[PDB]
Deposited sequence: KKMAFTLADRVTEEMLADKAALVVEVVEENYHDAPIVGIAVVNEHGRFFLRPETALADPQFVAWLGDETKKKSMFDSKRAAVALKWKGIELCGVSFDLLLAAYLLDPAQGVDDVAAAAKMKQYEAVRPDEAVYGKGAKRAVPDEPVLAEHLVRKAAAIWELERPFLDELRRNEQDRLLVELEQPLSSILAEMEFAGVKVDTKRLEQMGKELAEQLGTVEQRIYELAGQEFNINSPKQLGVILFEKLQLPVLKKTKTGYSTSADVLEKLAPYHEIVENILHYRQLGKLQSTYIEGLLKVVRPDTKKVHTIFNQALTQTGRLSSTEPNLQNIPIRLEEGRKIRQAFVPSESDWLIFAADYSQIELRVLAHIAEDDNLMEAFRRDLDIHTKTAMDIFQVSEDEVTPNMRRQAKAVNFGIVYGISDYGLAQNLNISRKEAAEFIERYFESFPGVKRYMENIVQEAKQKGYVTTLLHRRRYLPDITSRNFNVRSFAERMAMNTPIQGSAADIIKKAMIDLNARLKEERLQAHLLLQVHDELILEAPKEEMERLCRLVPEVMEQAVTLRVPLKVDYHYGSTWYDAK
């Protein structure tokens, strides 16, 4: 066993200006959740404190908020938010092991202290899952077992800080941790805690009108099929489409891509696609959303997973506010349900225009692509002009659409198969497009070749701010497995650098909002855009400040461009 003092009261030696701190929140969703225990490890020793006793002690609380008292933790955002819900401010977190491990190797999927420690051959700590269990069996163990687990985690963090910081320094990722990710952690904490206001009453009205339409398309489907069946059963649907109605096969696959091609054969296909759209808005964006709105404040408090994506992007859960409908008008209406939290306040949204491609232009130093952006040209029309060799005047809607698709392919790691599949054309033709694209953008071609070669030589690829991704399959003798890694080598520096940029913009924006003492604050981040809320009196100032700060986040060989809109609801901010 590990030695530790199971304290009954807080003592001075527990308030050293340097310590590994553990403020345990077992619940997955930490919003307004319980803190089941506390552990502190420092010069003087290892201690376990009960929350009701420590969070009531004015000295402990002052220590938690004393920024000069440095704390090392694992997932400090979790503790900070749980503490915000109790009116307690956590300050001075100088090292976060979860974020440190995430920068060192995102593929490891480090989600507990045990996994992080395993990276440095340290195993004197148990995986949280072995302690709390999971699912319907998850539970907080008795004090003895709980206290030892928390102390062991604190002791691990205490021991591992140095080794993790040393490696970060070698990787040139020390500043990435201390100046980007950790400060961002605190900003993400304020955003989650603030939450976003939902107009539940109008959301239930939409759910009512939706319920009526689904009933219509539903019965219309049973008619065209001359039989009732579970439309949501990919298995039952396959029977009705490929057996009863003899539709062509191009069990059974009824993916959206398949049905779009079957549409011309039978009227039922169109209806099944619409029914699926509406059915998705109903189950997820109506019923599912309402399930997570706080009844008392009518707010939803998302949780941004800051150490999950392989590219450095953020992810969002319970609910996922990074995938709210907008493409099809019927689903876009859902956004009229996200409103400001105060009367006379408005929603302000600012987004980078073509940041991936601008980053690509920068990194590849392609003359044509850099010139195009310097002229702030419509990138897809320009790409169409170059690959089809025609004047702007001769670009047809269909040419542009296809040049647009090629730009995606180039960004996601261009491949004969991938483009051909996306445009519903032959590979020989796709290779034809790609071929032409590289003729017009030789710089982009050189980069794709060089980055793949660099991935093979170094073993990984990096982003603008030194985030990295290891690509061991880049040397596989299996074509498919190797090709996956190659695309990643091409795409990660693009998607990854775009992530670094917007993360820094969030940090710069917040320092500016505070300098100006503006009431405006961040609500969400959707990969290449920032959503804020502020009194209407601050709109004119934000119109100049937000774009400015986002455009000046970093300096590239091409300018960064930001569009913005504001309105009464998220929907109107367009």
>> Comparing the deposited sequence with the modelled residues, which stretches have no C-alpha coordinates?
In response: 1, 252 to 256
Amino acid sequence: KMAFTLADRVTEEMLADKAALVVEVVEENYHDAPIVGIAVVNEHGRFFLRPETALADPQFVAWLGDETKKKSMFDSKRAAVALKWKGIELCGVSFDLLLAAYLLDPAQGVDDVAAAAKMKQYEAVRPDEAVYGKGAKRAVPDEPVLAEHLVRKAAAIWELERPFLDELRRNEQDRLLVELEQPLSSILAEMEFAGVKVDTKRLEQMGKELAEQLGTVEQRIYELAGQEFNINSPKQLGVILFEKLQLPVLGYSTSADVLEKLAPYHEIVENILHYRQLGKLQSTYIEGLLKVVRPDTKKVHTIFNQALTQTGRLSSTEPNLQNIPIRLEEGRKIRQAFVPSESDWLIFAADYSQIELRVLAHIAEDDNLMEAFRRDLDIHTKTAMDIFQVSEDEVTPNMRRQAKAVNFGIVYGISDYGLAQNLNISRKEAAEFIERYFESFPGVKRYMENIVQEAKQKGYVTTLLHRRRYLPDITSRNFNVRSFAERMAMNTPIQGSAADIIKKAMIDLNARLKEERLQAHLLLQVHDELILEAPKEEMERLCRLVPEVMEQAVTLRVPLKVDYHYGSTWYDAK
From here on, numbers count along this sequence of modelled residues.
> Higher mean Cα B-factor in the deposited model: 474 to 482 or 221 to 229?
Replying inline: 221 to 229
> So which stretch wins on mean C-alpha B-factor, 384 to 392 or 77 to 85?
Replying inline: 384 to 392
> Looking at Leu321, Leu423, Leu98, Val198, which has the biggest Cα B factor in the entry?
Replying inline: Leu423
> Out of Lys503, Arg446, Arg400, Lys134, which residue has the highest Cα temperature factor in the PDB record?
Replying inline: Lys134
> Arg202: which third of its chain by C-alpha temperature factor?
Replying inline: highest
>> Split into thirds by Cα B-factor across the chain's modelled residues, where does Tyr122 land: lowest, middle or highest?
In response: middle
>> Where does the C-alpha B-factor of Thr68 rank in its chain, lowest, middle or highest third?
In response: middle
> Which third of the chain does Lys456 land in by C-alpha B-factor: lowest, middle or highest?
Replying inline: middle
>> Split into thirds by Cα B-factor across the chain's modelled residues, where does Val10 land: lowest, middle or highest?
In response: highest
